[PDB]
Amino acid sequence: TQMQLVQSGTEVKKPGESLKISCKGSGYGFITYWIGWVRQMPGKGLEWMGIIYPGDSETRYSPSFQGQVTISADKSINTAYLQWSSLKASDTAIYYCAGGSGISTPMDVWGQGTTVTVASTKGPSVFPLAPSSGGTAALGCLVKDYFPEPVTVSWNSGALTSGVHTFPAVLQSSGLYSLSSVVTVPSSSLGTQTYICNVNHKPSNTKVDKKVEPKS
Amino acid sequence: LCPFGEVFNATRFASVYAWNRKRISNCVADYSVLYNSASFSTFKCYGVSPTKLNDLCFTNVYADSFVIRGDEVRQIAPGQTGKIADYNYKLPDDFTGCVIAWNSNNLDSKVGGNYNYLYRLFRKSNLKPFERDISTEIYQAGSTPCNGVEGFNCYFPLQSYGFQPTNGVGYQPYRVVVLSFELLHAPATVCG
Amino acid sequence: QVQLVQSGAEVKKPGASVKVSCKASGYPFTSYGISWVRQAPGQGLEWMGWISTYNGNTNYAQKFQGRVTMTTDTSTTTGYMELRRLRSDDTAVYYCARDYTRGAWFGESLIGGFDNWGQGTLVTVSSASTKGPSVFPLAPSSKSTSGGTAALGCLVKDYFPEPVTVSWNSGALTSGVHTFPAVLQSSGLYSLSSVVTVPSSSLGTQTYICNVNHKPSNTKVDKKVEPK
Amino acid sequence: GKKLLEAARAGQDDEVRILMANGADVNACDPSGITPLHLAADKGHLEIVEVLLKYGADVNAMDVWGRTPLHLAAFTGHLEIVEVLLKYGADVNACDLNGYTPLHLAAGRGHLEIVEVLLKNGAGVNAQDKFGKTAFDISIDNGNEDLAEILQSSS
Amino acid sequence: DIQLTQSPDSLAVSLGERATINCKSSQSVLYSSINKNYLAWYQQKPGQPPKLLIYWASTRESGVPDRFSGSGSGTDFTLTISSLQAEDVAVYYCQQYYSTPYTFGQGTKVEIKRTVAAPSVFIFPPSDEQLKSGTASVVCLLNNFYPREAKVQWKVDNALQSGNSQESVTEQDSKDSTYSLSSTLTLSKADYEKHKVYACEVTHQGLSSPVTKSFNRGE
Amino acid sequence: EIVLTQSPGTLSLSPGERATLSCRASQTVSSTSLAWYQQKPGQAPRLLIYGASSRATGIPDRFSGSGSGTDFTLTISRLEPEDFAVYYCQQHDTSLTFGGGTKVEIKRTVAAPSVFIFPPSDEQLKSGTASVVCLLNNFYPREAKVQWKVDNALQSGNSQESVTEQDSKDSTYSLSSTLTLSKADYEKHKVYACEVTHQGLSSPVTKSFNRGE
Ligand SMILES: *[C@@H]1O[C@H](CO)[C@@H](O[C@@H]2O[C@H](CO)[C@@H](O[C@@H]3O[C@H](CO)[C@@H](O)[C@H](O)[C@@H]3O)[C@H](O)[C@H]2NC(C)=O)[C@H](O)[C@H]1NC(C)=O
């Protein structure tokens, strides 16, 4: 397309400090583009916080966000920035910078967005599950106590890509994260080959492989 | 097909109190020159985007231009108040137009002050949107009957600007042209 | 990349009138004005006129109100100029060009000017009539330089009009050739000569020939060179 | 806080007292940028002037034309407001865009005491009009020559 | 500020038919001179930034086919999708831009509809090192069901528990729109050792009666 | 209106240098209503600089313009052996007036002309006229002086001078000076002398001939 919008990468902080995020545009005719910012809670809709112009730094704010978020622009590298003075526990969400030519215009072009959270670090652990009496039996492994997201799960290094279901990670009571992955397999090949759950964690940069057999 | 060069690439621009009307229609108008001229510093547009108006087409491409001190180029916006914004040229509300401005310090200034561009300073009332008032008669401040003489309460309304090559970064005079795209329900709607 | 084309050179008699044309292509002919500019041979240019292309209202020069008429046609995208009351002193070159100084819609000064020109057109007028050339040899004299060179030339006089196609041994000689610009004289006729210098060894060892063809009078002449 | 301007114009001291005790502005302005001291000097309500300057009103304020309260107060011919403004420390050589010095209005309206009271603290006689003229020629122009010799001798 | 609303929040329609969504405003959004509505219709698949579908409430953005349409006037409008594809599952949003600021709707969820499916339920206790860590996590797993609605309950030696089961649901399945759900129960090592028989009970339209799977600890 | 003279009329410079043409008027003028045009020999004019600072389509970057008030300057920066032409500064602030043109020429060393003088044969006897010629070759620069003397007497209104343009291979010229007269006046005067004085000549060179020789 004729306009390219890019943003910063994913990055999270402890509460209390500030926050620096940026949005850049590139292409032909960018000088007629306003930059607006949109927020999404996990599992909810969109909200508007602010809009700005790159050249003369004209700002407009949402009725419910003045003072907590700072909007800035810089015409030299021709980008826009968002500042957070203080961080709360309720500021863990996915944010989009988006472009619209003029005021009262459709918000057509978008970036990819970046997410922010608050928690305390820990590496995961993985446990197996295999049933016993048939027809088809369901194998799986679960993983507990990891943060941030995500963990790449794998089935025989991707050799089996049917009947796979990885459960979308959901936070538990104490705020940590748990996940589980399962497949169904015919009861014929139960004791012929091994089943292995592979899990890779970038934040902990850890590779774990778990061996699954039925219980004697 | 519309002579956008004459309105944009002209030589003599009149002062703000003598702003120049430029009515324009009966063409096919190309906006790609306005898209990426790489020289306008304050391309700002309200209501209607210029990237997408190519499809639609009406009459009433009423557009005008002048030259103005740099700082107050922000003051030309609907619902915005100011000295020249209120007092020489004021947009209506519910805007649909498109403002363009750019720097011309390199040519429209001469050392020692180019005293050619003037602007009104006061007026009893406040003007209606999109109306022009030109008048050089004196202002009578108080209870003294003043006919044609200048005195302690008789003051010249029009005042001259000061333009210097080494003026402040906003003190150079910018050129401003604003377009205004509207429509009317009457037939014979020439497109563009 | 736009194309401008003009007609050919013309010859007239005093008291007549001359019409010329300019054809434009490769751009919207209804968006720019036409400019006509002349130049006398060996002298600087001088502005004939400018003409719009939509309203028909134009702007002539101050000094040429009662002699020139300007017309444009949008159908063929052409511009014609008719010059009346021509005198023998008006022999010159003309040029048509696209204007960027007076806007073709409302007529105000802008930035820029005559961007693309034509190929130029040549106009002549005189009381004389077409006449064949008068050829004349100039072989080196009896005192031709021994320790040096000699000069060979063929001279043409009373030829009407310009040009003359002159060659020496049908293009055999290509280096050291000088053809001279046409120069008027009190009789009002034409004069010209062509010269090459040769070493003293070529004096009596080879004979040379000047061929001259004058297409307007379609006259072909050939003359040998005899040392004396 | 536009009430104080019309209150000072009307010369109702109780209303200005209660309003400014309630938190009225000390520099409330109209679109023309006029000051309450200007109105008080125009109407010659000395009590309002002294009350307002007690809290520190804009003694060197200027309007759109740059008019200063000393200029208007000299124009009307009020004897004590000008000198209290002077003793507070307002500018005496102040000139608007038209370049009118207080001595110029003083000579124009034929009021003499203001001339000397300005001269007491160092009023300047180097005023330059369109022709660069000073107060001497205007003083002789006003039809009262008895002013002119005083500025001639007060130098 | 102008307020919006959408209906339905979620929808169930088979493949290859018409689907509808209705968006109502709080005040008039018509602009005086230009007689075109200042509304916008957006599509957003999971893990994707939004892609504009309809602008000016009646005009189609480049790059999408005709099978989407929008109509309405005043303060009520409706977007209709005809002859849907399996790819057409996403979240659709209505938002106006009449003046600063703009307010979106709550959201719309589309979902393909088909026959009821027989689900599968399994129960698992954890392994020894999990117990030696200090925690015990017992899992009920329920799979490949349709419709989504299926109650899940626990039972500790034929006795109830409160605030112990965490429920997780997956998204739409590409094969036959059958989903998977998990219920996880965490407890202390001793408390796990404090009881013998754990039972899991499930309720679903695919079952004539709730189905319970129970097992005794260590056997 | 406005007078305009560039000056000097000849700006002969050696190749590989900088050229700074100066254009001047009498009254003041806008900085946005003047242009610079180029004219190759035997070729149509072209646009070079407009607006006194900008450039047109496909213009080499060696060309620039500056100036203000009543004085303007065109800078060529790099002089190539293609850029030799007649240049014109033109105004359009009030009406429009063109300049006087300027000629840029290739410098070289001094030149020694060679001279050949020839009287007519009986091919002019067949007519009622007579015409003698003097020819000079390889001189430098355009200025020169030639003269005639019929029995040590110069006559006016009977001679014509012709010069060619700059030579493409050596950059020099050849001049012809022809004297015409009635045939009757040819044979009643005996001595005819053709003389030449020029800076390229150390001394004035004279050749005298007779009717019979
Ligand atoms: C007013 O004057 C300016 C100054 O020249 C004009 O701008 C010129 O507009 C033309 C439009 O075609 C530009 O040509 C384009 O150039 C680019 C880059 O070389 C090329 O990729 C395109 O295909 C096209 O040929 C030209 O560059 C541009 N010149 C400058 C200095 O910006 C303008 O058109 C005039 N009129 C108006 C209404 O502004």
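What residue, of C:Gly120, C:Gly107, C:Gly113, is closer than 24 Å to C:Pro14 by Cβ and either loosely packed, with under 13 Cβ neighbours inside 10 Å or not basic (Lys, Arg) (or both)?
Sole residue among the options that is closer than 24 Å to C:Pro14 by Cβ and either loosely packed, with under 13 Cβ neighbours inside 10 Å or not basic (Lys, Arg) (or both): C:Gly120.
Considering only residues that are surrounded by 15 or more Cβ atoms within 10 Å (Cβ to Cβ) and out of contact with any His (no Cβ under 8 Å at 6 or more places or on another chain), which ones fall in region A:150-163?
A:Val153, A:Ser154, A:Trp155, A:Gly163
Looking at region D:44-77 only, could you name the residues that are within 14 Å of another protein chain (Cβ to nearest Cβ) and farther than 27 Å from B:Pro157 by Cβ?
Within region D:44-77, D:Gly77 is the sole residue that qualifies.
For B:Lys110, all conditions in the list (1) assigned to a loop (DSSP other than H, G, I, E, B); (2) within 19 Å of the chain's Cα centre (by Cα); (3) crowded, with 16+ Cβ neighbours inside 10 Å hold save one; what is the number of the exception?
For B:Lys110, the failing item is (2).
Checking the condition more than 13 Å from chain A (Cβ to nearest Cβ) and either buried (at least 16 other Cβ atoms within 10 Å of the Cβ) or within 30 Å of A:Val182 (Cα to Cα) (or both), which residue from E:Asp66, E:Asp88 passes?
The match here is E:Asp88.
With E:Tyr93, E:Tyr97 as the choices, which residue is closer than 30 Å to E:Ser58 by Cα and either under 23 Å from the mean Cα position of the chain (by Cα) or polar (S, T, N, Q) (or both)?
Checking each option against the conditions leaves just E:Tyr93.
Among the listed residues F:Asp71, F:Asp122, F:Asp83, which satisfies the condition of being in the same structural domain as F:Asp185 (by CATH) and charged (D, E, K, R)?
F:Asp122
Here is a list: D:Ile81, D:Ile48. Which entry is crowded, with 18+ Cβ neighbours inside 10 Å and more than 9 Å from the chain's Cα centre (by Cα)?
D:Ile48 is the lone residue from the list that is crowded, with 18+ Cβ neighbours inside 10 Å and more than 9 Å from the chain's Cα centre (by Cα).
In region E:139-176, which residue that is among the β-branched types (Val, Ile, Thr) and within 11 Å of another protein chain (Cβ to nearest Cβ) is surrounded by the most Cβ atoms within 10 Å (Cβ to Cβ)?
So, considering only residues that are among the β-branched types (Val, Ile, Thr) and within 11 Å of another protein chain (Cβ to nearest Cβ), the one surrounded by the most Cβ atoms within 10 Å (Cβ to Cβ) is E:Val139.
Only residues in region C:125-148 that are under 30 Å from C:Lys19 (Cα atoms) count as the first member; pair them with residues that are of a type in the set (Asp, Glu), Cβ under 8 angstrom, at least 6 apart or cross-chain, and list the lot.
Qualifying pairs under 8 Å: C:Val125/C:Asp90; C:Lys131/C:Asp158; C:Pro133/C:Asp158.
Which one is farthest from the chain's Cα centre (by Cα) among residues in region D:93-105 that are crowded, with 21+ Cβ neighbours inside 10 Å and under 17 Å from B:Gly142 (Cα atoms)?
The extreme case among them is D:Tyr100.
Hey, does region F:197-208 have a residue that's surrounded by 18 or more Cβ atoms within 10 Å (Cβ to Cβ) and in a strand (DSSP E or B)?
No, every residue in region F:197-208 fails to be surrounded by 18 or more Cβ atoms within 10 Å (Cβ to Cβ) and in a strand (DSSP E or B).
Could you tell me whether B:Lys90 is buried (at least 18 other Cβ atoms within 10 Å of the Cβ) and either within 16 Å of the ligand (Cβ to nearest atom) or within 14 Å of the chain's Cα centre (by Cα) (or both)?
Against the criterion (buried (at least 18 other Cβ atoms within 10 Å of the Cβ) and either within 16 Å of the ligand (Cβ to nearest atom) or within 14 Å of the chain's Cα centre (by Cα) (or both)), B:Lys90 qualifies.
One residue is enough: does region D:49-72 have a residue meeting the conditions within 25 Å of D:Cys95 (Cα to Cα) and in contact with a strand residue (DSSP E or B) (Cβ under 7 Å, 6 or more places away or on another chain)?
Yes.
Strands (runs of 3 or more DSSP E) wholly in region F:25-125 with at least 1 residues that are under 24 Å from C:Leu110 (Cβ atoms), more than 16 Å from the ligand (Cβ to nearest atom) and not charged (D, E, K, R) - which ones?
F:34-39, F:45-50, F:64-68, F:71-75, F:86-91
Can you name the residue in region B:31-51 that is surrounded by fewer than 17 Cβ atoms within 10 Å (Cβ to Cβ) and among the hydrophobic types (A, V, I, L, M, F, W, C) and, of all such residues, is nearest to the ligand (Cβ to nearest atom)?
The residue in question is B:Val33.
Residues checked against (1) crowded, with 18+ Cβ neighbours inside 10 Å; (2) in contact with a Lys or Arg (Cβ under 9 Å, 6 or more places away or on another chain):
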{"site": "D:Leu86", "(1), (2)": "yes, yes"}
{"site": "D:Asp91", "(1), (2)": "no, no"}
{"site": "D:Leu112", "(1), (2)": "no, no"}
{"site": "D:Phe131", "(1), (2)": "no, no"}
{"site": "D:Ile138", "(1), (2)": "yes, no"}
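Condition (residue is more than 23 Å from E:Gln172 (Cβ to Cβ), polar (S, T, N, Q), within 14 Å of chain E (Cβ to nearest Cβ) and within 18 Å of the chain's Cα centre (by Cα)) applied to region A:154-175: is it met by at least one residue?
yes
Given the conditions (1) more than 14 Å from chain F (Cβ to nearest Cβ); (2) out of contact with any helix residue (DSSP H, G or I) (no Cβ under 9 Å at 6 or more places or on another chain); (3) not aliphatic (A, V, I, L, M), which single one is not true for C:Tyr208?
So C:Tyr208 meets the others, but not (2).
Which residue, of A:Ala130, A:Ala93, A:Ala89, is out of contact with any strand residue (DSSP E or B) (no Cβ under 9 Å at 6 or more places or on another chain), more than 25 Å from A:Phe30 (Cβ to Cβ) and of a type in the set (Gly, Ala, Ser)?
After applying the criteria, what remains is A:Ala89.
Which ranges mark the strands (runs of 3 or more DSSP E) fully within region A:84-136 that have 2 or more residues being among the hydrophobic types (A, V, I, L, M, F, W, C) and within 13 Å of chain E (Cβ to nearest Cβ)?
A:93-100, A:125-129
Pairs only if they're at least six apart or on different chains, beta carbon under 9 angstrom, first in region F:34-62 and farther than 27 Å from F:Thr94 by Cα, second within 14 Å of the ligand (Cβ to nearest atom) and not in a loop (DSSP other than H, G, I, E, B); list them, first residue then second.
Taking only residues 6 or more apart or on different chains, the pairs are F:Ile59/F:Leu47; F:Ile59/F:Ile49; F:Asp61/F:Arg55.
Between B:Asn20, B:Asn54, B:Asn26, which is touching a strand residue (DSSP E or B) at 6+ places or on another chain (Cβ under 7 Å) and more than 9 Å from the ligand (Cβ to nearest atom)?
Of the residues listed, the single one that is touching a strand residue (DSSP E or B) at 6+ places or on another chain (Cβ under 7 Å) and more than 9 Å from the ligand (Cβ to nearest atom) is B:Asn20.
When the residues of region B:1-14 are narrowed to those that are near the ligand (Cβ under 9 Å from one of its atoms) and more than 8 Å from every other protein chain (Cβ to nearest Cβ), which ends up farthest from B:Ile76 (Cα to Cα)?
Among them, the one singled out is B:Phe4.
Kindly indicate which of B:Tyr31, B:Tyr17, B:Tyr46 is closer than 26 Å to F:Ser30 by Cα and more than 14 Å from chain C (Cβ to nearest Cβ).
Sole residue among the options that is closer than 26 Å to F:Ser30 by Cα and more than 14 Å from chain C (Cβ to nearest Cβ): B:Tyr17.
Among the residues of region F:56-90, which ones are within 19 Å of C:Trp117 (Cα to Cα) and under 22 Å from the mean Cα position of the chain (by Cα)?
F:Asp83, F:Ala85, F:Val86, F:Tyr87, F:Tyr88, F:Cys89, F:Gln90
For B:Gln75, all conditions in the list (1) surrounded by fewer than 20 Cβ atoms within 10 Å (Cβ to Cβ); (2) within 28 Å of B:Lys128 (Cβ to Cβ); (3) polar (S, T, N, Q); (4) within 16 Å of the ligand (Cβ to nearest atom) hold save one; what is the number of the exception?
All conditions are met except number (4).
All of this is worked out from the model, or read from it or from the source named; no laboratory instrument gave them. A quick note on method: Cβ atoms are made from the backbone with ideal geometry, for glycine too, and the neighbour counts reach across all protein chains shown.
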